[PDB]
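Engineer: With this note's numbering, letter number 16 in the sequence shown gets 1306, and the count goes up by one each step, no holes.
Every residue, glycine too, gets a C-beta built ideally from N, C-alpha and C.
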Amino acid sequence: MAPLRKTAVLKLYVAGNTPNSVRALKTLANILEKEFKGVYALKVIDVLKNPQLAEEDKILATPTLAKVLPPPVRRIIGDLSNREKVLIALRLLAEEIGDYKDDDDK
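(1) Could you tell me which residues DSSP pairs with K1333 in its beta bridges?
(2) Beta-carbon separation of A1305 and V1329 under 8 Å?
(3) Would you identify the three-state DSSP class for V1358, choosing helix, strand or coil?
(4) Can you name the start and end residues of the beta strand (DSSP E) that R1364 belongs to?
(5) Can you give the Cα-Cα distance for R1373 and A1379, rounded to whole angstroms?
(6) Is there contact here, the segment 1335 to 1351 with the segment 1312 to 1327, by at least three beta-carbon pairs under 8 Å?
(7) What does the alpha-carbon distance come out to for the pair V1312 and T1297?
(8) Classify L1370 as helix, strand or coil using the three-state DSSP reduction.
(9) Identify the continuous alpha helix (DSSP H) that holds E1325 and give its terminal residues.
(10) Taking only the alpha-carbon atoms, compute the straight-line gap between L1382 and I1366 and give it to the nearest angstrom.
(11) Excluding five sequence neighbours on each side, which residues of the same chain lie with their C-beta closer than 6 Å to the C-beta of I1387?
Listed below in structure tokens is the structure:
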């Protein structure tokens, strides 16, 4: 649970290959691969394939957007099929990360 500087870890919880999960994954991954390339690390958790992991993180809905790192974990719930919401939410989260500096270095 050690906070990371600059690079943040975003986890997407999906269920199989449903249109909602496919849409959400394409939207989040593409935005992170181009819009936030090199800034965020994307992690995808398949709740149906590994329900044990889903239960461990108490995932009762899919897809679910959550920033596991840096802590606290940011859970974002809404229409992720819309690229604007994914982009806007990622942008706001990134600003928070940039604001937090390890040291002034002066």
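Structural biologist: So, from the data block:
(1) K1301
(2) no
(3) strand
(4) 1364 to 1366
(5) 10 Å
(6) no
(7) 25 Å
(8) coil
(9) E1325 -> no alpha helix (DSSP H), and no H or E assigned at all.
(10) 12 Å
(11) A1298
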